[PDB]
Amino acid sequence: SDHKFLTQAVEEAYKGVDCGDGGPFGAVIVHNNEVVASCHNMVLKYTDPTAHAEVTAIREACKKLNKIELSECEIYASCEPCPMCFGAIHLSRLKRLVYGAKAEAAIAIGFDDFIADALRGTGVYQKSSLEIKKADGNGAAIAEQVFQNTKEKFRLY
């Protein structure tokens, strides 16, 4: 189930790259085992540098549920959330985060060195409380492979 939803976030990353919507990033929000939102990076579609996949998923899931907190849902991210997205995950009060690729995989292919301390556990003023799971095995290999497979198929941002 973790694997099913992480793979769907990865698939969203591929879809969004193929549509020219944005970069190779997807995110899926589920309530128990029911998909609430499934999104990819929309920075180029919306002309909106905040429209990362996680932020997009959070906005859509709060709209679908008519409330500004998601304490009963979990989020699956094809890549390690950046500082903006991890902050949005804190404010959204999602109860769990599962992510596939380490940020280093995205950095290696042209993106910024832009890593969230609170996620890695080196925050001082920003302390996370949500449960965090870095995928291993096949999930990790799938997520890491996204950046090799899409290496020169999208405009950087």
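In this text, the rigid core denotes the largest set of C-alpha atoms whose superposition between the two forms falls within 1.5 Å. One rule holds for the numbers: they count along the sequence shown, beginning at 1.
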After fitting on the rigid core, pick out whichever of 99 to 107 or 120 to 128 shows the bigger RMS C-alpha deviation in 8 other deposited structures of this protein. 120 to 128
Do the Cα atoms of 1 to 9 stray more than those of 148 to 156 in 8 other deposited structures of this protein, or is it the other way round, with the core held fixed? 148 to 156
Per the PDB entry, mean CA B-factor is higher for 90 to 98 or 123 to 131, namely for 123 to 131
Comparing 19 to 27 with 135 to 143, the higher average Cα temperature factor in the PDB entry belongs to 135 to 143
Comparing recorded Cα B-factors across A116, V55, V35, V43, which one is largest? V35
By the entry's C-alpha temperature factors, tell me which of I68, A108, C39, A61 sits highest. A108
CA B-factor ranking of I75, expressed as a third of its chain: middle
